[PDB]
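A short write-up of the structure that comes next.
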Amino acid sequence: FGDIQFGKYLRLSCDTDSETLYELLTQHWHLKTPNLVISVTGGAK
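Mapped onto the entry's author numbering, the consecutive letters of the sequence shown carry residue numbers 103 to 108, 115 to 153.
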């Protein structure tokens, strides 16, 4: 848990279901989405 300052980060197991993640990130945090964009890059150093 906890903030980062130089945002809210989190260490998480891969085996959790996505619904508790979404309920966390919408209820305890900011609101819903009319849209959702995905960019894939990260092998590009």
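Note that beta-carbon positions come from the ideal geometry of N, C-alpha and C, so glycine has one too.
Item	Value
Taking 6 Å as the cut-off, is the CB of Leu-129 close to at least one heavy atom of the ligand FMN?	Summarising the ligand content, the structure contains no ligands, and the ligand FMN is consequently not present.
Report the residue from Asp-123, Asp-125, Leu-132 whose alpha carbon sits nearest the alpha carbon of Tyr-117.	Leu-132
Can you pull the DSSP bridge partners for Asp-105?	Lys-116
Of all the options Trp-137, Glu-127, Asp-123, which has the alpha carbon lying nearest to the alpha carbon of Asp-105?	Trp-137
So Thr-134 and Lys-140 are supposed to be a Cβ contact under 8 Å. How far apart are they, rounded?	6 Å
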